[PDB]
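Engineer: generate a structure from the sequence data that follows.
(3 chains)
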Amino acid sequence: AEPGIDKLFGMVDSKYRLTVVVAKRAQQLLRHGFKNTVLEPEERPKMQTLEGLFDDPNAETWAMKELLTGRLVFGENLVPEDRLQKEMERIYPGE
Amino acid sequence: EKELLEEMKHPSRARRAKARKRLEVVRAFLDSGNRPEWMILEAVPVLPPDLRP
Amino acid sequence: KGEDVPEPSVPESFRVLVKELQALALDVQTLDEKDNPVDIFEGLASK
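Structural biologist: Numbers count the residues shown, from 1 in each chain, chains lettered A, B, ... in the order given. You can find the structure just below:
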């Protein structure tokens, strides 16, 4: 199976919640550049002839990975939906 | 409605069945329902063209 | 582009079943959380 899935079902009240979280994360992971991320420093996803999943193959895997850390925050109504997108586009370039 | 109310309860049985069924439709109209004069047409909508191309 | 995919707006089936329902003289209207009007037709409904 896929990396540490039991740990991710452990992270949420509904199985499906995980899916929604991951989905939306990969979404913004793509949309507002790819430097959205909280983890790049050293050893994050990778691929094989050069090496660069360190730029942009698979987004949701990145999501699962980040989420596997207590780095991200997920919750029913954390933040007002509009000022969210405002803030995302304002902080990160890459269009 | 009132006419049917009386028509329903007060006449003896074997009759008010149809008064019940009639009441249903009257209530239907006077509920969150509309006015029965549109039940007949004098304006016909035409379906768009690409749906009948 | 290299974008995700543009799922939403309105479904075909739905607008088509609205108008196709309207072709027989049925008034089929779409409502909000509170029973309010809702323009399914993408700002194209205007006369």
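
Engineer: tell me, how many residues neighbour residue A:67?
Structural biologist: Applying other C-beta atoms under 10 Å in any protein chain shown, we find 22 residues neighbouring residue A:67. Any C-beta I mention is one placed from the backbone N, CA and C, and that applies to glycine too.

Engineer: can you verify my assumption that residue A:45 contacts residue A:59?
Structural biologist: No. The pair residue A:45 and residue A:59 fails to qualify as a contact (C-beta atoms under 8 Å) at a distance of 9.8 Å.

Engineer: flag every residue of chain C that's near chain A.
Structural biologist: For chain C, the contact set with chain A under C-beta under 8 Å from any C-beta of the partner chain comprises C:2, C:3, C:4.

Engineer: by neighbour count, which of the residues you listed wins?
Structural biologist: residue C:4 (14 neighbours).

Engineer: next one: stretch A:80-90 to chain centre, how far?
Structural biologist: Relative to the mean C-alpha coordinate of its chain, stretch A:80-90 is positioned 17 Å out (C-alpha atoms, centre = their mean, to the nearest Å).

Engineer: mind listing residues that contact that stretch?
Structural biologist: When contacts are defined by C-beta atoms under 8 Å, 6 or more residues apart in numbering or on different chains, stretch A:80-90 is touched by residues A:28, A:32, A:36.
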